[PDB]
Every structure is written in C-alpha cells, then in structure tokens.
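Enquirer: Please find one structure pasted underneath; my questions will follow.
Each reported figure results from applying straightforward, stated rules to the coordinates on display, with no laboratory input. Backbone-built Cβ (ideal geometry, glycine too); neighbour counts: all protein chains shown.
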Amino acid sequence: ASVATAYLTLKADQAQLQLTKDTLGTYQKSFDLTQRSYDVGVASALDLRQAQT
Amino acid sequence: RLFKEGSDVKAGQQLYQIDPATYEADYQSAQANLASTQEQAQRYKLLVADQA
C-alpha cells in the first residue's frame with residue numbers, strides 16, 4: 001500500500017508540474033504583451049507592475 | 001481689401017479678409033481632437049500587429 005501510494009503521488013505531481021509550466025508560459029506571454037503595450041504608450045506602469053507580479 | 005480696384009485678378013486670388021476670430025477657435029478645437037485621435041489610431045495600429 002505504501003509503494004502504490006508513493007508511486008501514484010509521483011504520477012500526480014509530475015502532471016501538476018506540467019500544468020504549472022503551461023500556466024507560467026501563459027503568464028509570461030501576458031507580461032510580454034503588457035510590456036509591448038507599455039512601450040507603445042497605451043498602458044501605464046501601474047498595469048506593467050500588476051502584470052509583473 | 002487686398003486688391004487694387006479696376007485690375008485684372010486671377011482665379012483663386014484673395015480679395016478680402018473677414019476677421020476670422022471664431023473660425024480660428026473652431027479650427028483649434030477641431031485640431032486638438034484630431035491630435036489625440038490620430039496618435040491613438042497610430043498606437044493601436046502597432047498594437048494590433050502583436051495581437052495586444
């Protein structure tokens with residue numbers, strides 16, 4: 001029972017890693033779009049900092 | 001009055017001046033709005049290429 005529980009926990013946490021990498025990529029793309037919109041002048045630094053957080 | 005009387009004037013030559021003073025204010029009020037909307041269109045032209 002302990003071996004099966006530990007292996008299934010590893011199998012779950014690797015998929016959690018993959019979904020966290022996908023979420024981080026989405027957040028990085030949003031930050032790049034907000035940085036571009038700050039460079040052209042449409043948005044302000046008040047939005048760039050919230051995108052950085 | 002900007003023409004000598006009895007002379008041969010050309011097409012498009014200015015003959016008078018009727019004290020603009022109101023149309024100047026209308027022109028400034030129009031171009032102040034044009035100055036903001038033009039650079040907003042120019043900024044959105046650059047941002048729409050990056051899907052921002």
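Enquirer: Given Cβ point charges of +1 (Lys, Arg) and -1 (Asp, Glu) and nothing else, what value in debye, to the nearest 20, does the dipole of the protein assembly as shown about its Cα centre take? Present the calculation step by step, with values, prior to reporting the outcome.
Expert: Working: 10 positive and 12 negative charges, 76 e Å.
Here the protein assembly as shown has a charge dipole of around 360 debye.
Enquirer: Using R₀ = 30 Å, calculate the FRET efficiency as 1/(1 + (r/R₀)^6) where r is the Cβ-Cβ separation of B:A49 and A:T23; round to 0.05.
Expert: Values: r = 26 Å, r/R0 = 0.87.
The pair B:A49/A:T23 has a calculated efficiency of 0.70.
Enquirer: For peptide A:30-39, how many partner chain Cβ atoms fall within 10 Å of a residue's Cβ, on average? Spell out each step's value before the answer.
Expert: On the way: counts 0, 0, 2, 4, 1, 1, 6, 5, 0, 2.
Mean shielding by partner chains, rounded to a whole number: 2.
Enquirer: Same structure, new question: Quick check on the exposure proxy: order A:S2, A:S37 from fewest to most C-beta atoms within 10 angstrom.
Expert: On the way: A:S2 6, A:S37 20.
By the 10 Å Cβ count, ascending, the order reads A:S2, A:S37.
Enquirer: Calculate the spin-label point distance for A:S44 paired with B:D26, positioning each point 7 Å from the Cα along the beta-carbon direction, and give it in nanometres.
Expert: Result: 3.6 nm between the two label points.
Enquirer: Can you give the Kirkwood hydrodynamic radius of the protein assembly as shown from its Cα pairs, in Å with one decimal? Walk me through the intermediate numbers first.
Expert: Details: mean 1/r = 0.0486 Å⁻¹.
Mean inverse Cα-Cα distance, inverted, gives 20.6 Å.
Enquirer: Taking the Cα centroid of chain B and of the stretch A:15-53, what is the distance between the two, rounded to the nearest whole Å?
Expert: About 42 Å separates the Cα centre of chain B from the one of the stretch A:15-53.
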